[PDB]
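Report on one structure; see the data block that follows.
Just so it is clear, none of the values below were taken in a lab; they were calculated from the coordinates. Neighbour counts are summed over all protein chains in view; Cβ atoms, including those assigned to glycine, are modelled from backbone coordinates with ideal geometry.
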Amino acid sequence: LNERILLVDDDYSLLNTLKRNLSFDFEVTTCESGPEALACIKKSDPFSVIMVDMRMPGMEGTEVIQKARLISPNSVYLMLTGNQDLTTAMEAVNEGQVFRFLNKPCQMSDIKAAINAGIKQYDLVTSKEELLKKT
Amino acid sequence: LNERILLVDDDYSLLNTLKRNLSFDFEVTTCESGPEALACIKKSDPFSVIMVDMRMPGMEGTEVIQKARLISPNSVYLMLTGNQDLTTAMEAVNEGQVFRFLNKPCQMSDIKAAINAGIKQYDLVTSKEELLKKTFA
């Protein structure tokens, strides 16, 4: 079971808050931006789950997911999304880029359920691949 | 590859248009209502993909999906909604129940893409489930 997850958000306060809570059940890495996230995926072992915040200075979360899927195809990408980003989150889901998005503010519960759902999804994907790969 | 799909909508005019186009690629069944969909799901072979309209008289799409999830758990559920009913459907669905929402009216190609993605999703789910149960590889 891959429980390695990557959190991407501009805000260190929120990152520390999520990582404190999430580190009881998962292995959590944090990154402050898209370029930082892109550097981290390229050199680390596969993350099963990667969540990105929609609004960040410079590179928006949707671009980060689109670039990361070229580098880490199996990963399951989740997005934190505001009110005003719904449409962009919806078309991202429909393109098959975003597994799940979460409307802010988000309850811890909702977040942990998304992550668990993502981990399970990751296992479906790589299980099917690991069995094509041998047979 | 399971390519049996179930379309559930109130309006026969839209059912006919979708069954006409989708039948070139898929094995399509149509139902005009929730109770009609639930009957069809009990008695049929499993559908890989089930698509339900949000607004229907008597029983709405969301209730239909959550009732169908207890009869056909592996099925992938797609939900057709007007963008006006969308957040209502999102507040009313709990995570995992709807795989993909689609806007009405909807480009045929968004529809085919959602359905293909459902079919591939259905294949992942049931492939894992046989690995966990089959005795002989």
Within region B:20-34, whose backbone N sits under 20 Å from a point 7 Å along Cα→Cβ of B:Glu129? B:27-29
Step through the table entries A:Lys133/B:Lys43; B:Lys67/B:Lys104; A:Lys67/A:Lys120; A:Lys19/A:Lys42; A:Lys42/A:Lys128; A:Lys120/B:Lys133, compare each Cα-Cα distance with 25 Å, and write down the pairs that go over it. A:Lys133/B:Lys43
Using the Karplus equation 6.51 cos²θ - 1.76 cosθ + 1.60 (θ = phi - 60°), what ³J(HN,Hα) coupling, rounded to whole Hz, does each residue of region A:2-11 give in order, writing x for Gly and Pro? 7, 10, 8, 10, 10, 10, 10, 6, 5, 9
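Please report, in debye to the nearest 20, how large the charge dipole of chain B is about its Cα centre when each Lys and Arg carries +1 at its beta carbon and each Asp and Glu carries -1 there.
Values: 15 positive and 19 negative charges, 86 e Å.
In debye, rounded to 20, chain B gives about 420.
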Per residue Cα convex hull volume in Å³ - calculated over region B:44-124: 98
Report the full-extension gain for the segment A:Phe24 to A:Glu63: residue separation times 0.36 nm, less the Cα-Cα distance, to one decimal in nm. 11.0 nm
Identify which of B:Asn116, B:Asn103, B:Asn94 has the largest mean-square fluctuation in a Gaussian network model of chain B, with springs joining Cα atoms closer than 10 Å. B:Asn94
Evaluate the protein assembly as shown: find the radius of gyration of its Cα atoms, find its Kirkwood radius, and give the ratio Rg to Rh. 0.98
For chain A, modelled as a GNM with alpha-carbon contacts under 10 angstrom, which of A:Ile65, A:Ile115, A:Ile41 fluctuates the most? A:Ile41
3J(HN,Hα) from dihedral phi, region A:84-92, Karplus parametrisation 6.51/-1.76/1.60, rounded to Hz, x for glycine, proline: 8, 9, 2, 5, 6, 6, 5, 5, 6
Would you mind computing the Rg to Rh ratio of chain A from its alpha-carbon coordinates, Kirkwood style for Rh? 0.95
Given the C-alpha centroids of region B:62-137 and region B:1-40, what is the distance between them in whole angstrom? 14
Can you list the residues, at least 5 places off or on another chain, whose amide H is less than 5 Å from the amide H of B:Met51, using H built in the peptide plane? B:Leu6, B:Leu7, B:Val8, B:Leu78
Helix B:34-43 against the longest principal axis of chain B: what's the angle in degrees, Cα atoms only, rounded to the nearest 10? 20
Placing unit charges on C-beta atoms (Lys and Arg positive, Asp and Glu negative, everything else neutral), compute the dipole magnitude of region A:74-120 about its Cα centre in debye, rounded to 20. 240
Rounded to whole Hz and in sequence order, give me ³J(HN,Hα) for region B:111-118 from the Karplus expression 6.51 cos²θ - 1.76 cosθ + 1.60, θ = phi - 60°, writing x for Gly and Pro. 4, 3, 6, 4, 5, 3, 5, x
Highest GNM mean-square fluctuation, chain B, Cα pairs closer than 10 Å: which of B:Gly82, B:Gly61, B:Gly34? B:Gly82
